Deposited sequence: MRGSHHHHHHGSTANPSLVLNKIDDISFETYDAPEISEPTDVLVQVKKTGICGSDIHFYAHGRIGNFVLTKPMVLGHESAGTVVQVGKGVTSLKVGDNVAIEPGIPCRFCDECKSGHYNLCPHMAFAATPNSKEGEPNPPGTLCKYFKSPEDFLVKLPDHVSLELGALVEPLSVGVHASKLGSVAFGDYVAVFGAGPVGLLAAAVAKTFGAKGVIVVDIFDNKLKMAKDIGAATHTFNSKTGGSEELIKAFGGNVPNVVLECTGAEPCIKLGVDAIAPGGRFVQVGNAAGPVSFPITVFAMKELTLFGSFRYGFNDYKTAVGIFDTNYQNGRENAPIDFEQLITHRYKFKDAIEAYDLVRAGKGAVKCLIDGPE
């Protein structure tokens, strides 16, 4: 009944506290011992500013939102997990009653309680020992899927939701903008879903080489080389069918619009700091479709975990994409702040994982 936690109290203040362990109350409730936890731009954002958009921090918040754990207790009504399963954690829990939820878009639930987002008490975070989640928001991990990759499920589901919105199908030609963690996993999904070509675009040659090395990308393109024609030439002349915009920057959005084929599908997952200059008219003349993608929805976690399942079922040696390279740093729970400053400093970590207490 004791629970150590990483906590962000105020700006640049991260401390280790110890709260009461969450207790099971609902019959579908499940208690999970968090073992791994990922880190992204949103974790350092609250650390540096305490505000993303209008999400603003007003109380001691418990941290962490890309985690995987082990079931340690279940309620009466749990039928999909026993005590002792490895689970990926879907951090955002919806109301199940609103019209967004009822329509199959708990995605956009206005009462969405997300892990490690502020604002009535603060929705709990996963950088603790004991996390409480409903049964249907944990995905059982296959035996060959690492407890590490369970933390990688969260940014992978973001890419699954996006490629689904873009209706990525066999023989497609997808252009993913941004060779960061999300943009890398997104390219891995497109190729997994059967795309004949997956070109990854960014300005870091190191990140582009990794895209090609893990096998998630068939082509790469450095966007300081030129415009749309060179991107097409770098793609073997194939003109992109879907554009997965994971960057949120004008030069990438602009480049993705000139390059994409008429009638192509353009998914927006990257977030800008504000408004951006947009080529609105060529968008119209090409009859493009812009999909705003926000986090992940129904079946997205299970689908992402299943990507790990089939990718690694015949051994890491025979795995078609080497997702584990996305882990460049590993830290114990004691060294958590050494990990946050590490990612805050941008030392060259694509993804950093922290163990549980």
Would you list the gaps, meaning deposited-sequence stretches without C-alpha coordinates, in the order they occur?
1-12, 132-135, 374
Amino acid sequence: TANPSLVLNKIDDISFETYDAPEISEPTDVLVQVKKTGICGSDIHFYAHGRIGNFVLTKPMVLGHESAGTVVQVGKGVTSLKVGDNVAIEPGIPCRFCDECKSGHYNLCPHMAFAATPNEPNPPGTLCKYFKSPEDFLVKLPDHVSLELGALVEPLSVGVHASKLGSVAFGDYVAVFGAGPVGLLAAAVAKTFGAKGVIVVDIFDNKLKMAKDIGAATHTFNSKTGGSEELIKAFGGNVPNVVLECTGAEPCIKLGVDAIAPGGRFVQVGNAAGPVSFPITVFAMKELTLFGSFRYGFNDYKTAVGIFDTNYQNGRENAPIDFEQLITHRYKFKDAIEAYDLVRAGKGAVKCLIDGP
From here on, numbers count along this sequence of modelled residues.
Can you tell me whether 296-304 has a higher mean C-alpha B factor than 51-59 in this record, or the other way round?
51-59
Take the C-alpha B-factors listed in the entry for 210-218 and for 122-130, compute each mean, and give the stretch with the larger one.
122-130
By the record's CA B-factor, is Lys286 among the lowest, middle or highest third of residues in the chain?
lowest
Can you work out whether the C-alpha temperature factor of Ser103 puts it in the lowest, middle or highest third of the chain?
lowest
Ranked by Cα temperature factor within the chain, is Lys254 in the lowest third, the middle third or the highest third?
lowest
How does the C-alpha B factor of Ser167 compare with the rest of the chain: lowest, middle or highest third?
lowest
Pull the Cα B-factor of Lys76 out of the PDB entry and bin it into the chain's lowest, middle or highest third.
highest
